[PDB]
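Given as C-alpha cells, the chain that follows is alone and in the form deposited in one PDB entry.
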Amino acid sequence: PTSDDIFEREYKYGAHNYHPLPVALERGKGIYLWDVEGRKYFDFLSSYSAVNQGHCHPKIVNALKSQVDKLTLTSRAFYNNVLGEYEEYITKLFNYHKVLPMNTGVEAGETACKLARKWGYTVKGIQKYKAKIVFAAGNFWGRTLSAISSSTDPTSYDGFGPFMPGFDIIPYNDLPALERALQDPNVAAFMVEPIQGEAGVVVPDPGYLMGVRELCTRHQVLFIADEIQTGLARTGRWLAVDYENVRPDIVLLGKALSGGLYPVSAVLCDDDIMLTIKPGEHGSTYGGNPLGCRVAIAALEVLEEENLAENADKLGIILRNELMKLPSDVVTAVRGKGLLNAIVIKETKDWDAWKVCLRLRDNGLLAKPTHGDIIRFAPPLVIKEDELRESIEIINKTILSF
C-alpha cells in the first residue's frame, strides 16, 4: 500500500481525533525512520519523548523477546518474580521509598491525585472531600475527564461535560500566585511540569522550582513533579528538577521508561504518602506486569550506561546556539534544555509552522508544530554531533527557503 492508501484507510476505519503530518513510517532504528517508499528521515519528535533511547534499541528489544517466552501477565492478584526486582531498582535509582506501577502517563497522574487527596484526608486532616490540588496554566497530563478539568486549553475540555471539582489553576512560573493559592488550608498538593512540553516547551525562570519546593514545604502541601516528558535524561539530567537540586514529594515517570516498546509509567514517593492507600483501594490490570518490568529495567540501564544525560546536555547547547543564528523575522524565539527544545515561527500571510514541517519532511526531517506556530525539536538522545549537524543544516535550508 502507498502512503496515500495508508492515509485513506485510517480515515475510513479510525476516529478522526488526530491530524498527523502526512508520512507513513514502517521501520525505525536509532534516530532514523523509513516510510513505505523507502525514504529515510531524522526523527525530531521521538514520539513525544517516548523513544529517548532511539527506536528499537537492541538491549530493550532483547529484554522483551526474552521475557515473552516465560511470562507476560499474571495480574497483581498473584505475585510474579520480576516486579519486585524492578521496584527495588527504580526506587533506589531515584531515591524514594516505594513505587506504584501503572501503564500510561495519565494513569500516573490520576494515581498522584488520588495519593494527594487520600494523604490530605488521612494524614493532613482535611475534611472529607474538601481537598484541593493546584495546577499551573498551560499544563498537560493526559486526556481523562480529570486531566482535561485542570486544562486551560479549550481543545481538550470544550464540550466534554461537567468538570472535576477541587482543581485550582494558577499562572505558571509565578511564585507569588502559588503562595497566594497555598493560603487555603484545604490544598493537599501542587502538580507542575518542570518544563511545559505540550504547551510549547515553556521553561520557567531559574529559582522557580526551588521556590515551589520551599512554598510547598512551608504550607504542608505535597509537591508533585510531572516528569513524564522531561525526565529520563531528556533535559540533560535524570530529572529536570535536578537542575535546581529539589526533591519533589511525588515524581511521575512514563514515556521513555520503556524506550517506546511498552506502556509503562510510575509514581514514586516515601512511605508516609504511599501507604495511605490500603490493599484493594487502587489498581490496574496490566500495571506491573512481568513483561513491562523487564523492558523498563532495560530502558533505564541504556540511559545510565550510555550516559545519555550528558550527551543530551552538550548537544542541546549546540542545537540552541545554531538555531539562534536564524533570522529574527522568521524565528522569533528559541528555547529548551537538553534535547527538549522548540522555536517560535513568526506566522505570516504566507507561512506557518505546519508548512515549515511539511518542507522539513520533504528535506529528510520529521517534526510537529505544538500550538500553531511553535515547532519542537526533540531527537533521540542517542544522536551524535555530526548527525545533529546534518539535521541542523536541513533545518537551516528549509527555514531559509521560505
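Throughout, we count residues from 1 along the sequence that is shown.
The protein also exists as the form deposited with a small molecule bound; that form is not presented, and the subsequent description refers to it.
- The contact residue chosen from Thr111, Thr276, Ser149, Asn289 relative to the small molecule in the entry with it bound is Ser149, the criterion being a non-hydrogen atom within 4.5 angstroms.
- The contact residue chosen from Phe163, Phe94, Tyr121, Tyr243 relative to the small molecule in the entry with it bound is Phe163, the criterion being a non-hydrogen atom within 4.5 angstroms.
- In the entry with it bound, the small molecule lies within 4.5 Å of some heavy atom of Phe167.
- Picking from 213 to 221, 167 to 175, 85 to 93, 314 to 322 the stretch near the small molecule in the entry with it bound, with a 4.5 Å limit on heavy atoms, gives 167 to 175.
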